[PDB]
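Asker: missing the sequence, but the structure's below:
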Ligand SMILES: [Cl-]
């Protein structure tokens, strides 16, 4: 039977408008009156971030805040603005202020928490990630929160999933993983026997549906999938 349901909250439960706005507001704060369009800085930042993290996939963990500060140092050098001090404080304040959940998230976590181990699996430094979940109001709705910093390796390394399963006290065949990227999950979670649910809210990942056991566009579908897997 299914006894655990794992999510990737900061990645499958944060609205796209909210996440973009958090990041835009960070760039606006970094730049102040410097004459660079914050949306261009954000685009360039995202590119470099993705690159830098690509170099780390599967590798031993390194604080992501350190990685993102190195990226921002390159952007400051590129565009000529002064490197912002206390970038991680700016980022945490903006996340807590403008972060926003998809509308059905709280209901789905509450409905599941009574009958399953409800877990979060996050590739984020544990301290800011947990503060963000606290600010979003959902930290205590999870039975467990597991991070790459705790596991010691970046996805798709499976250690993060192994640790999340240990916290739930079950082997992977008893668990579902809800994610939005079947790359970091299939190379890690499918090896452990977990059932993968791909969240594709706008039907834009059809070329990756084959790497998922189920596809949903609304998180309320997850409850039905698991209740039936158990019926
Ligand atoms: Cl982080």
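Answerer: Received, thanks. Numbering: from 1, shown residues only.
Asker: which SS state does the residue of the chain most remote from its centre fall under?
Answerer: Relative to the centre of the chain, the most outlying C-alpha is that of residue 35, 31.8 Å out, by C-alpha atoms, centre = their mean. Per DSSP: H, G, I helix; E, B strand; the rest coil, the secondary structure class of residue 35 is coil.
Asker: for the helix or strand containing residue 76, buried residues please.
Answerer: For residue 76, the host element (DSSP states H and E) is helix 64-79. Neighbour-count burial for helix 64-79, with 16 or more other C-beta atoms under 10 Å as criterion, is recorded at 64-65, 67-68, 71-72, 75-76. From N, CA and C alone the C-beta is placed, and that goes for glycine too.
Asker: and the residue lying closest to residue 191 once chain neighbours are set aside, how close does it get to residue 165?
Answerer: Leaving aside its sequence neighbours, residue 191 sits nearest to residue 158 (C-beta to C-beta, 6 or more residues apart in numbering; 5.6 Å). Going from residue 158 to residue 165 by C-beta to C-beta, to the nearest Å gives 10 Å.
Asker: could you do residue 10 as well?
Answerer: Residue 10 is 20 Å from residue 165, by C-beta to C-beta.
Asker: cool, and residue 192?
Answerer: Residue 192 is 7 Å from residue 165, by C-beta to C-beta.
Asker: anything in contact with each of those two?
Answerer: Taking C-beta atoms under 8 Å, 6 or more residues apart in numbering as the contact rule, residue 192 and residue 165 both touch 171-172.
Asker: between these two, who's got more neighbours?
Answerer: Between residue 192 and residue 165, counted using other C-beta atoms under 10 Å, residue 165 has the larger neighbour count: 28 against 16.
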